[PDB]
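**Student:** Have a look at this one.
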Amino acid sequence: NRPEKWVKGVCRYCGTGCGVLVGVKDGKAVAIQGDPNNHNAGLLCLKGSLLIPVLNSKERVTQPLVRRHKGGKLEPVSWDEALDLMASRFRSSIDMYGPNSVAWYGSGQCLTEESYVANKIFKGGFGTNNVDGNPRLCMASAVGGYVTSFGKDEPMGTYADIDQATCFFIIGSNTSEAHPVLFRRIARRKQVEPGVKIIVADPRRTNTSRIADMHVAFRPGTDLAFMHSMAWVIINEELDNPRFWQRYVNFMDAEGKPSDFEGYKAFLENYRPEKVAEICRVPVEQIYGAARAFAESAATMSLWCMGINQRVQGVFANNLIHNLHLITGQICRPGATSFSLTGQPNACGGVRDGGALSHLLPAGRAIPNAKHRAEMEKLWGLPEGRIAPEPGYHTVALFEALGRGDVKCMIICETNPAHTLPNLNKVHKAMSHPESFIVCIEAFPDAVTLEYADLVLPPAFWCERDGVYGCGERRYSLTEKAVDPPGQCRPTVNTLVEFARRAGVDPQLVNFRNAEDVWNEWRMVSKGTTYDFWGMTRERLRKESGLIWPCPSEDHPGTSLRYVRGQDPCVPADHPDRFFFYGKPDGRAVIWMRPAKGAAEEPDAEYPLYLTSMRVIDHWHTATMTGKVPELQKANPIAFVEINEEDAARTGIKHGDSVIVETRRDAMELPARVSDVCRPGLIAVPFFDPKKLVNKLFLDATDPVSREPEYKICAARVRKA
Ligand SMILES: Nc1nc2c(c(=O)[nH]1)N[C@H]1C(S)=C(S)[C@@H](COP(=O)(O)OP(=O)(O)OC[C@H]3O[C@@H](n4cnc5c(=O)[nH]c(N)nc54)[C@H](O)[C@@H]3O)O[C@H]1N2
Ligand SMILES: Nc1nc2c(c(=O)[nH]1)N[C@H]1C(S)=C(S)[C@@H](COP(=O)(O)OP(=O)(O)OC[C@H]3O[C@@H](n4cnc5c(=O)[nH]c(N)nc54)[C@H](O)[C@@H]3O)O[C@H]1N2
Ligand code: SF4
Ligand SMILES: [O-][Cl+3]([O-])([O-])[O-]
Ligand SMILES: [O-][Cl+3]([O-])([O-])[O-]
Ligand SMILES: [O-][Cl+3]([O-])([O-])[O-]
Ligand SMILES: [O-][Cl+3]([O-])([O-])[O-]
Ligand SMILES: [Mo]
């Protein structure tokens, strides 16, 4: 027989956050199925379905490892020696150079409880705000977009809204490859109601566009002008919602000064369809088509991901999508919301909501805010002024600090920055600092980052321990422990606590035996904020297949529509208005007149092509997990470059040719896929291959608000090898 027992949890991959049931027999995982009671209704994509061979792989880091000297070989070392080595290095670096010589670099793949303990050890124990992580590379622009538009982070609706939307505006998102089960939910909606309209707006033509009524293949960087132009049509054709925006919206001009509807109208005159069509290189009727579909529809939902966020104008691009919903009032109703898609399984729970970035504090609190710091000192039992008043290093700046010698010790946890940070040649130099001490908490020995690690700790993987993942729709879901960790792997929650203790942190600060203990403190910390998930006890999370916050008591079901009287507990029952955007001081959301520009590095005579980077369905990021699954690995073993049919014809490049892709930063030989996927003037590479580190090619320029890099656009040339 196979499973004697089924253990409820969450898929280890995308922010769709599909609940899973792991079948165990004699301490070994033998089978997996979808949780029928979670939002995905028992459905998983092929990656999720093929998760047992990852969990059962023997190619794991199972003992502590030390590199005695730079450029030496990693060798085994005891857990006890590892931990003293780690704690004395961190302590004595603080002793010599102060708390800003140390840093935590974590991820949205860490359990909420791991990120919570790490964040706290550093900000409250060591007294440094050098806590960042990979969502900086991903969701930072959507956080900035939501906060500036609404005053609070995170979507105001849920995946349920897909079932009620009458129009989908899907932009900078290959939902088909990146959120498979979610894309199926959208396709399903369109099959139930064939009247549903879908606009997919992406310079590349992906499987996602194959269900669309319109595919807007705009020139990279010009979507902001595109979205201002849709607002132009909406207002020009009297398709806007004055009863909504007059009560619920404020306007901010190109300089961020208060304005009004007439000012908005005058600003949009800069973005007439005929002019914007030449800018974007699209038929003008696509502008009218998208705008009309969006505005005339009974309920419109937008969904976007990295095409929008991985941009120096990422925060501005987010605001422009919100503007559409605010001018039309396509918001705060079933099927009508502005829904950022999150990539990682726990960027939301672990890092965003938990405030595990350099400028943040848990549950919507901010570092520069005195009252907020005092709130946290009280909650964490800290003395007054213990939390530093200035932000630590954001991610790009962090590895710059490491390069200069400013940050001397670093913990890297559940991420592979030597593979995934932009401008890798600069980064690899930084990570080679001969006086740096780099500790890696990493499960798989083939992670390229380990070539820089001085110390490696073996962690419990996925459902080898328990913990909470917060997915893209504000759903917090428990994974219970299903199997024992192998070898000497330990849960990182416990690892972190033992390091803190040995490193001289006050024992009261890390008073946790397990993830259940830290969950209960984190609940307290959230209580009374607009994230309040006090109602999400361990027992409820054990019984339920996820709960959506706000969820302030044990008898509260959670919240689907934020900002709605009678739906959201943060809205007083006697609020005079049906909606309340309580993140802003007057209760009104904000339309932002953001000037449309381009990429930090635009094409020119010398480097005439846009170069982008993208997801492939068969591989998760650096493929240290998906690369262990033969059927996944065989489907896409190596990197390639997508080239437009018509650019290749004019240039003498045939499908299958080896070509050199060259930017200002590096050059790389790759096999060409010549098709109509990439619009003319655009090329595209995936980034899963460790033998073809494409981030060597990309520039490191960052959105000046969110500090998210522009992985999505740089300037390239191509020649035949
Ligand atoms: N299979 C798989 N699924 C995943 C992941 C994975 O690694 N593998 N990772 C997860 C994570 S962490 C994330 S963040 C998501 C990423 O999910 P997506 O963002 O949906 O995937 P990408 O291919 O990175 O998205 C880029 C899309 O934006 C487009 N784009 C490029 N330039 C522009 C532009 O100027 N404007 C606009 N509007 N679009 C542009 C690209 O053509 C591309 O089709 O996937 C998540 N799910
Ligand atoms: N060019 C380009 N670059 C990009 C992007 C892009 O679109 N284009 N996307 C960016 C985005 S959105 C993201 S999210 C980042 C993601 O980039 P990374 O986070 O660097 O990539 P992953 O492969 O998800 O790394 C997770 C790591 O954790 C290890 N691991 C797995 N389980 C465990 C565990 O239990 N404990 C520990 N300690 N480790 C574990 C895995 O082996 C793996 O090395 O990449 C960014 N980089
Ligand atoms: S859609 Fe994402 S969360 Fe769902 S099974 Fe596929 S990889 Fe896992
Ligand atoms: O004690 Cl070390 O292996 O970081 O030189
Ligand atoms: O989405 Cl964040 O990069 O602010 O954690
Ligand atoms: O509030 Cl941000 O994560 O855009 O810096
Ligand atoms: O928008 Cl926050 O990252 O301050 O929760
Ligand atoms: Mo991501």
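In the structure tokens, chains take the letters A, B, ... in the order shown, each chain's residues start at 1, and ligands count up from 1 in the order shown.
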Contacts of residue A:670 at 6 Å or less, counting only C-alpha atoms, minus same-chain residues fewer than 5 places along, as a PyMOL selection string?
**Tutor:** chain A and resi 640+658-659
**Student:** Taking only residues of stretch 431-475 of chain A that have an atom at most 12 Å from an atom of stretch 555-570 of chain A, what is each one's shortest atom pair and its distance in Å to one decimal, using only C-alpha atoms, in chain and number order, as a Markdown table?
**Tutor:**
```
| residue | atom | partner | partner_atom | distance |
| --- | --- | --- | --- | --- |
| A:473 | CA | A:560 | CA | 8.8 |
| A:474 | CA | A:560 | CA | 8.7 |
| A:475 | CA | A:558 | CA | 9.1 |
```
**Student:** Let me have all residues with an atom within 7 Å of ligand 8, counting only C-alpha atoms and all ligand atoms, laid out as an MDAnalysis selection string.
**Tutor:** chainID A and resid 135 137:139 342:344
**Student:** Export N, CA, C and O atoms of the chosen residues as a PDB file, in the first residue's frame?
**Tutor:**
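Saved the output as again29.pdb:
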```pdb
ATOM      1  N   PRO A 135      12.101  39.502  -1.791  1.00  0.00           N
ATOM      2  CA  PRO A 135      10.946  40.221  -2.329  1.00  0.00           C
ATOM      3  C   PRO A 135      11.255  41.649  -2.784  1.00  0.00           C
ATOM      4  O   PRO A 135      10.513  42.176  -3.618  1.00  0.00           O
ATOM      5  N   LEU A 137      13.162  42.250  -4.814  1.00  0.00           N
ATOM      6  CA  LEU A 137      13.512  41.997  -6.210  1.00  0.00           C
ATOM      7  C   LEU A 137      12.273  41.729  -7.031  1.00  0.00           C
ATOM      8  O   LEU A 137      12.324  41.408  -8.211  1.00  0.00           O
ATOM      9  N   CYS A 138      11.133  41.877  -6.394  1.00  0.00           N
ATOM     10  CA  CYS A 138       9.961  41.292  -6.916  1.00  0.00           C
ATOM     11  C   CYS A 138       8.784  42.166  -6.589  1.00  0.00           C
ATOM     12  O   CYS A 138       8.245  42.811  -7.481  1.00  0.00           O
ATOM     13  N   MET A 139       8.405  42.223  -5.315  1.00  0.00           N
ATOM     14  CA  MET A 139       7.087  42.796  -4.941  1.00  0.00           C
ATOM     15  C   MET A 139       7.148  44.225  -4.397  1.00  0.00           C
ATOM     16  O   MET A 139       6.108  44.835  -4.144  1.00  0.00           O
ATOM     17  N   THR A 342       1.398  37.948  -6.691  1.00  0.00           N
ATOM     18  CA  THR A 342       2.661  37.807  -5.965  1.00  0.00           C
ATOM     19  C   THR A 342       3.365  36.582  -6.456  1.00  0.00           C
ATOM     20  O   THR A 342       2.740  35.561  -6.624  1.00  0.00           O
ATOM     21  N   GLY A 343       4.672  36.649  -6.643  1.00  0.00           N
ATOM     22  CA  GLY A 343       5.349  35.500  -7.188  1.00  0.00           C
ATOM     23  C   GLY A 343       5.632  34.378  -6.215  1.00  0.00           C
ATOM     24  O   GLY A 343       5.335  33.220  -6.499  1.00  0.00           O
ATOM     25  N   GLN A 344       6.257  34.714  -5.089  1.00  0.00           N
ATOM     26  CA  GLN A 344       6.770  33.714  -4.129  1.00  0.00           C
ATOM     27  C   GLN A 344       5.664  33.259  -3.196  1.00  0.00           C
ATOM     28  O   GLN A 344       4.686  33.984  -3.031  1.00  0.00           O
TER      29      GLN A 344
END
```
**Student:** With only C-alpha atoms as the counted atoms, please give the residues lying no more than 7 Å from residue A:356, apart from itself and same-chain residues fewer than 2 positions off, as a PyMOL selection string.
**Tutor:** chain A and resi 115+119+131-132+351-352+354+358+360-361
**Student:** Please tabulate, as a tab-separated table, the residues of chain A that come within 6 Å of ligand 3, each with its closest pair of atoms and the distance in Å to one decimal, counting only C-alpha atoms and all ligand atoms and ordering rows by chain, then residue number upward.
**Tutor:**
```
residue	atom	partner	partner_atom_place_in_ligand_line	distance
A:11	CA	ligand 3	8 (Fe)	4.6
A:13	CA	ligand 3	7 (S)	4.5
A:14	CA	ligand 3	2 (Fe)	3.9
A:15	CA	ligand 3	3 (S)	5.9
A:16	CA	ligand 3	3 (S)	4.5
A:17	CA	ligand 3	3 (S)	4.1
A:18	CA	ligand 3	3 (S)	4.0
A:44	CA	ligand 3	5 (S)	3.7
A:45	CA	ligand 3	6 (Fe)	4.0
A:47	CA	ligand 3	7 (S)	5.4
A:48	CA	ligand 3	5 (S)	3.9
A:179	CA	ligand 3	1 (S)	4.8
A:180	CA	ligand 3	1 (S)	4.5
A:181	CA	ligand 3	1 (S)	4.3
```
**Student:** Please produce an output containing C-alpha atoms for each residue in the selection, written as a PDB file, in the first residue's frame.
**Tutor:**
```pdb
ATOM      1  CA  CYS A  11       2.708  23.906  -2.294  1.00  0.00           C
ATOM      2  CA  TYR A  13       6.219  26.935  -5.324  1.00  0.00           C
ATOM      3  CA  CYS A  14       4.225  29.986  -6.566  1.00  0.00           C
ATOM      4  CA  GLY A  15       2.182  32.641  -4.753  1.00  0.00           C
ATOM      5  CA  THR A  16      -1.019  31.036  -6.070  1.00  0.00           C
ATOM      6  CA  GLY A  17      -0.586  29.190  -2.768  1.00  0.00           C
ATOM      7  CA  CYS A  18      -2.305  25.914  -3.684  1.00  0.00           C
ATOM      8  CA  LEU A  44      -2.395  21.447  -8.589  1.00  0.00           C
ATOM      9  CA  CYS A  45      -0.283  22.126 -11.658  1.00  0.00           C
ATOM     10  CA  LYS A  47       5.138  21.275 -10.571  1.00  0.00           C
ATOM     11  CA  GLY A  48       2.994  20.889  -7.425  1.00  0.00           C
ATOM     12  CA  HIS A 179       0.507  31.013 -11.892  1.00  0.00           C
ATOM     13  CA  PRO A 180      -0.799  27.919 -13.651  1.00  0.00           C
ATOM     14  CA  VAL A 181      -3.836  26.995 -11.475  1.00  0.00           C
TER      15      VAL A 181
END
```
**Student:** Neighbours of residue A:532 within 6 Å (only C-alpha atoms; same-chain residues fewer than 4 positions away dropped), as a PyMOL selection string?
**Tutor:** chain A and resi 526-528+550-552
**Student:** Identify which of the residues A:537, A:323, A:514, A:78 lies closest to residue A:250, counting only C-alpha atoms when measuring atom-to-atom distances.
**Tutor:**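 Among the listed residues, A:323 lies closest to residue A:250.
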**Student:** Hey, which residues sit close to ligand 6? Say within 8 Å, counting only C-alpha atoms and all ligand atoms, and write them as a PyMOL selection string.
**Tutor:** chain A and resi 136+139-145+147+315+352+357+359+705-707
**Student:** Separation of atom CA of residue A:690 and atom 31 (C, counted along the ligand's line) of ligand 2, in Å?
**Tutor:**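 A separation of 15.6 Å between them.
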**Student:** Let me make sure I understand: among A:286, A:173, A:302, A:479, which one has the smallest atom-to-atom distance to ligand 1 if we use only C-alpha atoms and all ligand atoms?
**Tutor:**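 The answer is A:173, which sits nearest to ligand 1.
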**Student:** Please provide as a compact mmCIF listing (two decimals) with N, CA and C atoms, in the first residue's frame all residues within 8 Å of stretch 371-381 of chain A, with the sequence filter that same-chain residues fewer than 3 positions apart are discarded (counting only C-alpha atoms).
**Tutor:**
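Result file is part.txt:
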```txt
# COMPACT_ATOMS: atom_id res chain seq x y z
N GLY A 124 15.88 44.13 16.83
CA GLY A 124 15.71 44.27 18.27
C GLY A 124 16.82 43.69 19.13
N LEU A 361 8.71 47.72 9.89
CA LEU A 361 8.51 47.00 11.16
C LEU A 361 7.24 46.15 11.01
N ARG A 365 4.11 48.78 10.10
CA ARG A 365 4.84 49.80 10.87
C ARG A 365 6.09 50.18 10.10
N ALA A 366 6.61 51.37 10.35
CA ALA A 366 7.76 51.85 9.60
C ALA A 366 8.89 52.29 10.52
N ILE A 367 10.12 52.01 10.08
CA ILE A 367 11.35 52.38 10.79
C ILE A 367 11.44 53.88 11.11
N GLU A 384 13.76 51.68 25.54
CA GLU A 384 13.50 52.84 24.69
C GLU A 384 14.70 53.22 23.80
N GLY A 385 14.46 53.29 22.49
CA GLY A 385 15.49 53.69 21.53
C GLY A 385 16.38 52.58 21.02
N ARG A 386 16.05 51.34 21.37
CA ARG A 386 16.80 50.15 20.93
C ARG A 386 16.77 49.92 19.40
N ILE A 387 15.61 50.14 18.80
CA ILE A 387 15.46 50.05 17.36
C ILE A 387 16.02 51.31 16.73
N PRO A 389 16.67 54.35 14.27
CA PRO A 389 15.70 55.19 13.55
C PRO A 389 15.85 55.29 12.01
N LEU A 509 14.24 37.70 24.27
CA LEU A 509 13.89 38.16 22.92
C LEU A 509 13.58 36.99 21.96
N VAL A 525 1.49 40.83 18.10
CA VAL A 525 2.11 41.98 17.47
C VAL A 525 1.16 42.62 16.43
```
**Student:** May I have the residues within 8 Å of stretch 161-168 of chain A as a list in words, using only C-alpha atoms and disregarding those fewer than 5 positions away in the same chain?
**Tutor:**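 Residues near the query, excluding close chain neighbours: residues 185, 186, 189, 195, 196, 197, 198, 199, 293, 294, 297, 298, 299, 300, 301, 302, 303, 334, 335, 336 and 337 of chain A.
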**Student:** Any residue with an atom at most 7 Å from ligand 4 counts, using only C-alpha atoms and all ligand atoms. Which are they? Put them as a compact mmCIF listing (two decimals) with N, CA and C atoms, in the first residue's frame.
**Tutor:**
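Heads up, here's the output in part-v5.txt:
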```txt
# COMPACT_ATOMS: atom_id res chain seq x y z
N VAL A 66 32.06 24.00 6.57
CA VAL A 66 32.87 25.21 6.77
C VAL A 66 33.90 25.28 5.64
N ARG A 67 34.16 26.48 5.13
CA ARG A 67 35.28 26.72 4.28
C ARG A 67 36.32 27.45 5.14
N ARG A 68 37.40 26.74 5.50
CA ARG A 68 38.43 27.28 6.40
C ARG A 68 39.02 28.58 5.85
N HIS A 69 39.28 28.62 4.54
CA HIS A 69 39.87 29.79 3.91
C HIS A 69 39.16 30.12 2.59
N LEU A 85 31.16 29.40 15.94
CA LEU A 85 31.84 30.10 14.87
C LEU A 85 30.98 31.25 14.35
N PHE A 437 32.41 37.35 5.98
CA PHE A 437 32.00 36.08 6.54
C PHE A 437 30.56 35.79 6.14
N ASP A 454 31.12 30.73 3.48
CA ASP A 454 32.23 30.36 4.36
C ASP A 454 31.70 29.33 5.33
N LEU A 455 30.39 29.37 5.57
CA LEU A 455 29.75 28.43 6.47
C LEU A 455 28.38 28.05 5.91
```
**Student:** Could you give me, as a PyMOL selection string, each residue of stretch 251-377 of chain A that DSSP assigns to strand (DSSP E or B) when run on this structure's backbone?
**Tutor:** chain A and resi 251-252+258+300-304+333+336-340+360-361+365-366
**Student:** Write the residues you've just listed into a file as a compact mmCIF listing (two decimals), in the first residue's frame, and include N, CA, C and O atoms for each of them.
**Tutor:**
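Writing done, so here's again06.txt:
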```txt
# COMPACT_ATOMS: atom_id res chain seq x y z
N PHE A 251 -6.82 63.59 -6.26
CA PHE A 251 -5.90 63.68 -7.40
C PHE A 251 -4.59 64.36 -7.01
O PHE A 251 -4.60 65.32 -6.23
N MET A 252 -3.48 63.85 -7.53
CA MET A 252 -2.15 64.42 -7.31
C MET A 252 -1.50 64.66 -8.65
O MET A 252 -1.41 63.73 -9.46
N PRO A 258 -1.63 68.55 -4.61
CA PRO A 258 -3.05 68.30 -4.78
C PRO A 258 -3.61 68.95 -6.05
O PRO A 258 -3.22 70.06 -6.40
N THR A 300 -14.60 44.73 -13.46
CA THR A 300 -13.25 44.58 -14.01
C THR A 300 -12.18 44.33 -12.95
O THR A 300 -12.12 45.03 -11.94
N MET A 301 -11.33 43.35 -13.24
CA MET A 301 -10.22 42.98 -12.39
C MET A 301 -8.94 43.09 -13.20
O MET A 301 -8.90 42.59 -14.31
N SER A 302 -7.94 43.78 -12.66
CA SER A 302 -6.57 43.77 -13.20
C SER A 302 -5.71 42.81 -12.40
O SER A 302 -5.94 42.58 -11.21
N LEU A 303 -4.71 42.25 -13.10
CA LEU A 303 -3.77 41.32 -12.54
C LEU A 303 -2.48 41.61 -13.27
O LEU A 303 -2.51 41.77 -14.47
N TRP A 304 -1.38 41.70 -12.53
CA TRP A 304 -0.08 42.05 -13.12
C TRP A 304 1.01 41.47 -12.27
O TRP A 304 0.80 41.16 -11.12
N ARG A 333 -16.06 45.75 -4.96
CA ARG A 333 -17.24 44.97 -5.39
C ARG A 333 -16.72 43.63 -5.87
O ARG A 333 -15.62 43.54 -6.40
N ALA A 336 -14.54 43.09 -9.21
CA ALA A 336 -14.01 44.41 -9.54
C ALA A 336 -12.93 44.85 -8.52
O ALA A 336 -13.25 45.33 -7.47
N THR A 337 -11.65 44.62 -8.85
CA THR A 337 -10.50 45.01 -8.02
C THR A 337 -9.25 45.09 -8.85
O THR A 337 -9.18 44.52 -9.94
N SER A 338 -8.24 45.66 -8.20
CA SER A 338 -6.91 45.87 -8.71
C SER A 338 -5.99 44.87 -7.99
O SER A 338 -5.60 45.07 -6.85
N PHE A 339 -5.66 43.78 -8.68
CA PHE A 339 -5.08 42.65 -8.00
C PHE A 339 -3.69 42.35 -8.46
O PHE A 339 -3.49 41.71 -9.47
N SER A 340 -2.71 42.85 -7.71
CA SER A 340 -1.32 42.49 -7.89
C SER A 340 -1.16 40.98 -7.64
O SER A 340 -1.68 40.44 -6.64
N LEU A 360 11.15 48.77 7.30
CA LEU A 360 9.84 48.33 7.80
C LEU A 360 9.87 47.75 9.23
O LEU A 360 10.91 47.35 9.72
N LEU A 361 8.71 47.72 9.89
CA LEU A 361 8.51 47.00 11.16
C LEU A 361 7.24 46.15 11.01
O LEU A 361 6.43 46.41 10.12
N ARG A 365 4.11 48.78 10.10
CA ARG A 365 4.84 49.80 10.87
C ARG A 365 6.09 50.18 10.10
O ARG A 365 6.55 49.43 9.26
N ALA A 366 6.61 51.37 10.35
CA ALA A 366 7.76 51.85 9.60
C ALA A 366 8.89 52.29 10.52
O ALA A 366 8.65 52.86 11.58
```
**Student:** What is the distance between atom CA of residue A:694 and atom 2 (Cl, counted along the ligand's line) of ligand 5, in Å to one decimal?
**Tutor:** 23.2 Å
**Student:** Point out the residue among A:417, A:349, A:98, A:422 with the least atom-to-atom distance to residue A:697, counting only C-alpha atoms.
**Tutor:**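 Of the candidates, the smallest distance to residue A:697 is held by A:422.
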